[PDB]
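Chemist: sharing the initial chains of the complex here, in place:
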Amino acid sequence: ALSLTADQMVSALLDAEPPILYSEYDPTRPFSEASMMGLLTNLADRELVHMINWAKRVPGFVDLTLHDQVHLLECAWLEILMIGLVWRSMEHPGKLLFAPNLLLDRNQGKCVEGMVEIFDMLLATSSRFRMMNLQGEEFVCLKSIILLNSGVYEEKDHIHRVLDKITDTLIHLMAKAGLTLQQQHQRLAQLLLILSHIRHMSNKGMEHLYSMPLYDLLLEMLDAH
């Protein structure tokens, strides 16, 4: 785990990338609040399966005990679906690419009980990713970080060194791209601060989701794996 070079880390992660799934094939439009919720729910659930496989490929992840793994996923799943959303939405200004066959815009997002707020936040995040020209290899570094860090609250120590290893890898990608040492640290901070907002959106979303078992589910899923 802590034996991978910057480059080995990066390729490992890129390989672990989950596939991009599709929305239940053309149901009916315009959707309703429940119909859209249903497409979104079906999608998320199917994506949750791949997430488990990806998690299991995240350096450090499978060194933890099954129950700690469940804890990290329990807490990060929504952040992780969201960073994937934002990233695949980058080249669709004004719209979110929940799936290739389900590209919604601000107005569609209002069909559901106050997701406008989040949708907008989400919109702004890919926008900033676009603005910063976020790169694939950095994106995968940010996801792994979200996975290890949202739930981190000799094992504690282990995760902190994997986390330090991903920072190393993020700065290594920046240097190799020619950034100045000053630009390196600035970009590193611009990225980690975006995790603050990502977290923010998942807490808002979790609230919106519950206004409208996971442990056991993930345990079952993680153990089955």
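Modeler: Nice, thanks for sending it over. Numbering: from 1, shown residues only, chains lettered A, B, ... in the order given.
Chemist: residues near residue A:153, how many?
Modeler: 7 (other CB atoms under 10 Å). In this view, the C-beta of every residue, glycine as well, is placed from N, C-alpha and C.
Chemist: which ones are touching it?
Modeler: Contacts for residue A:153 were tallied using CB atoms under 8 Å, 6 or more residues apart in numbering; there are none.
Chemist: please tell me how far the residue nearest in space to the middle of chain A sits from residue A:181.
Modeler: With distances taken as CA atoms, centre = their mean, the residue of chain A nearest its centroid is residue A:80 (2.3 Å). According to CB to CB, to the nearest Å, residue A:80 and residue A:181 sit 31 Å apart.
Chemist: could you do residue A:125 as well?
Modeler: Distance from residue A:125 to residue A:181, by CB to CB: 27 Å.
Chemist: more neighbours: which of the two?
Modeler: residue A:125 (23 against 10).
Chemist: if I've got this straight, the more buried one is in a helix?
Modeler: Yes: under DSSP: H, G, I helix; E, B strand; the rest coil, residue A:125 falls within a helix.
Chemist: what residues are up against it?
Modeler: Residue A:125 touches A:82, A:86, A:194, A:197-198, A:201, counting by CB under 8 Å, 6+ apart.
Chemist: show me the strands in chain A, by range?
Modeler: A:95-99, A:102-105 (DSSP state E).
Chemist: can you add mean neighbour count and distance to residue A:112 and give the ones you listed back as TSV?
Modeler: Shown next, in TSV, are those (neighbours: other CB atoms under 10 Å; distance: least, CB to CB, whole Å):
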stretch	mean neighbour count	distance to residue A:112
strand A:95-99	20	12
strand A:102-105	18	10
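Chemist: relative to residue A:164, which of those strands is closest?
Modeler: strand A:95-99 (32.7 Å; CB to CB).
Chemist: now that closest one - C-alpha only, PDB.
Modeler: Below are the C-alpha coordinates for strand A:95-99, written out as PDB (Å, rounded to 0.1, in the frame of the first residue of the first chain):
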ATOM      1  CA  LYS A  95     -26.700  20.500 -16.500                       C
ATOM      2  CA  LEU A  96     -25.900  17.500 -14.400                       C
ATOM      3  CA  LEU A  97     -25.000  14.200 -16.000                       C
ATOM      4  CA  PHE A  98     -26.500  11.800 -13.500                       C
ATOM      5  CA  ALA A  99     -26.100   9.300 -16.400                       C
END
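Chemist: sequence below should go in as chain B:
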Amino acid sequence: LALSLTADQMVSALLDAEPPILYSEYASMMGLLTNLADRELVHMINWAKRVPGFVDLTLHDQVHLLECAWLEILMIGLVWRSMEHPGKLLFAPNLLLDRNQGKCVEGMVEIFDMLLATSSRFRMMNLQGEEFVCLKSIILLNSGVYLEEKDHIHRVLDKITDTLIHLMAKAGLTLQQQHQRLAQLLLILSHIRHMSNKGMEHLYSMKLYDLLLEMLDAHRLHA
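Modeler: Okay, here's chain B dropped in alongside the others:
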């Protein structure tokens, strides 16, 4: 102006803006914390106005920044002042609570535990006051940041990163240790946001835009 400060000028500006540590004036426990929070707010606005870049913002923007960061600000200060009081939260010098005392409020334990773990992690990394003050300003500037305006703030933020690294180098960490520590501290900003988000839920379960607007307004007519 803000963008022209050196790393060391930034730090002292900041150290200078520190609010005073207030005391508990003593829904009893909830009373105590509401009174404390309320009086702290008043100084927060004041310190806000001394964060480089902050006053270059429109009044609306200033209120949006505090509207979203106030609780993260209160918490990071609680955390910091709790550091050397393992097992307890030092809400005030005359109001040091423990895990169990936090239990007397429904839902407070989980946040309380979270608050405890954050000060623990601050202890663990030997967070320095200079670094602390740096992290508070980033919180103010970042939690509500979501067009030469957007850009200003982002530059102020870059300068804070610069200052953060400066203190680290100055302290003698290696280049590698610098980005590592920088990253360790900024991931703690997600947990802080997390506690704030959870804390507002809890606050509103129990039972401000203009409040700050007036406050930010009144500050220009204050002696």
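Chemist: try the contacts of residue A:125 again now we have chain B.
Modeler: A:82, A:86, A:194, A:197-198, A:201, B:146 (CB atoms under 8 Å, 6 or more residues apart in numbering or on different chains).
Chemist: packing partners for the longest helix anywhere in chain A?
Modeler: Secondary structure of chain A per DSSP state H: the longest helix is helix A:181-211. Packing partners of helix A:181-211 (3 or more CB pairs under 8 Å, 6 or more residues apart in numbering or on different chains; DSSP states H and E): helix A:66-89, helix A:116-132, helix A:136-149, helix A:155-176, helix B:129-142, helix B:148-170, helix B:175-206.
Chemist: try it again with 6 Å
Modeler: helix A:66-89, helix A:116-132, helix A:155-176, helix B:148-170, helix B:175-206 (3 or more CB pairs under 6 Å, 6 or more residues apart in numbering or on different chains; DSSP states H and E).
Chemist: and the residue lying closest to residue A:129 once chain neighbours are set aside, how many residues sit next to it?
Modeler: The shortest distance from residue A:129 to any non-neighbouring residue, by CB to CB, 6 or more residues apart in numbering or on different chains, is to residue A:90 (5.2 Å). Other residues near residue A:90 come to 19 when the count uses other CB atoms under 10 Å in any protein chain shown.
Chemist: spell out which parts of chain A neighbour chain B.
Modeler: Taking CB under 6 Å from any CB of the partner chain as the criterion, chain A approaches chain B at residues A:124, A:149, A:153, A:164, A:167, A:171, A:185-186, A:188-189, A:192-193, A:195-196, A:199-200, A:203.
Chemist: contacts only, for the residue nearest to the centre of chain A.
Modeler: If you count contacts by CB atoms under 6 Å, 6 or more residues apart in numbering or on different chains, residue A:80 has them with residue A:146.
Chemist: return the distance of it relative to chain B.
Modeler: 13 Å (CB to the nearest CB, to the nearest Å).
Chemist: residue A:60 and chain B: what is the separation?
Modeler: Residue A:60 sits 15 Å away from chain B, going by CB to the nearest CB.
Chemist: quick check: that residue touching residue A:162?
Modeler: Yes: the criterion here is CB atoms under 6 Å, and residue A:60 meets it with residue A:162 at 3.3 Å.
Chemist: surely residue A:50 is in contact with residue A:16?
Modeler: No: Residue A:50 lies out of contact with residue A:16 (CB under 6 Å); the separation is 9.8 Å.
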